[PDB]
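The form solved without the partner chain is given below as one chain in structure tokens.
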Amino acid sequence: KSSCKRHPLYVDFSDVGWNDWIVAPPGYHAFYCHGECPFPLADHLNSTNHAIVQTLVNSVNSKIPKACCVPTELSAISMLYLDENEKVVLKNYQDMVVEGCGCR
């Protein structure tokens, strides 16, 4: 199934120029969501009343797009950086890692 699934995505901090700020970690798995939403009433696709209706309109009218596959649960991740006094400090960043996908 090429349907709505989570997909691997690793963001390396060397490759974007951030590793002289973020002493740790060196990267993290964010993942992304992609795939078709033909039947958003599938219990595993968390869906909205709106996505279901719209997907229904799509089957009769191709000019209305189907619902889009997007993250529906995101978790935080922590990094370590240097203080103004060069003290190691942790900082949490919300909504960074896909935990579940769905149709919206």
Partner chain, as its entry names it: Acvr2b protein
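Basically, rigid core = biggest C-alpha set you can superpose within 1.5 Å across the two forms. Positions refer to the first chain, counted from 1.
J.: Looking only at CA atoms, which has the higher mean B factor in the entry: 34-42 or 48-56?
T.: Looking at the recorded C-alpha B-factors, 34-42 comes out higher on average.
J.: Looking at the deposited entry, does 60-68 or 74-82 carry the larger mean Cα B-factor?
T.: Comparing 60-68 with 74-82, the higher mean C-alpha B-factor belongs to 60-68.
J.: What third of its chain's C-alpha B-factors does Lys1 belong to: lowest, middle or highest?
T.: Highest third - that is where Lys1 ends up once the chain's C-alpha B-factors are sorted.
J.: Lowest, middle or highest third: where is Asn19 by C-alpha B factor in its chain?
T.: For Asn19, whose C-alpha B-factor we compare with every modelled residue in the chain, the answer is the middle third.
Unshown form deposited with the partner chain bound; subsequent notes refer to it.
J.: Residue by residue through 1-19, tell me which have a non-hydrogen atom within 4.5 angstroms of the partner chain in the deposited bound form.
T.: Only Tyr10 sits within 4.5 Å of the partner.
J.: Classify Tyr93 as shifted (yes) or not shifted (no) between this form and the one not shown, where shifted means its C-alpha moves by 2 Å or more with the rigid core superposed.
T.: No, its C-alpha moves less than 2 Å.
J.: Can we say the CA of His50 moves by at least 2 Å between this form and the one not shown when the core is superposed?
T.: It does not, since the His50 C-alpha is displaced less than 2 Å between this form and the one not shown after the core fit.
J.: For a quick test of reading the superposition: does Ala76 move by 2 Å or more at the CA between this form and the one not shown, rigid core aligned?
T.: No.
J.: In the deposited bound form, the Cα separation between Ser14 and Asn85 changes by 3 Å or more relative to the shown form; did it shrink or grow?
T.: Distance between the C-alphas of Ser14 and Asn85: shorter in the deposited bound form, by 3 Å or more.
J.: Knowing the shift is 3 Å or more, I'd like to know if the C-alpha atoms of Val97 and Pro40 are closer or farther apart in the deposited bound form than in the shown chain.
T.: Farther apart, by at least 3 Å.
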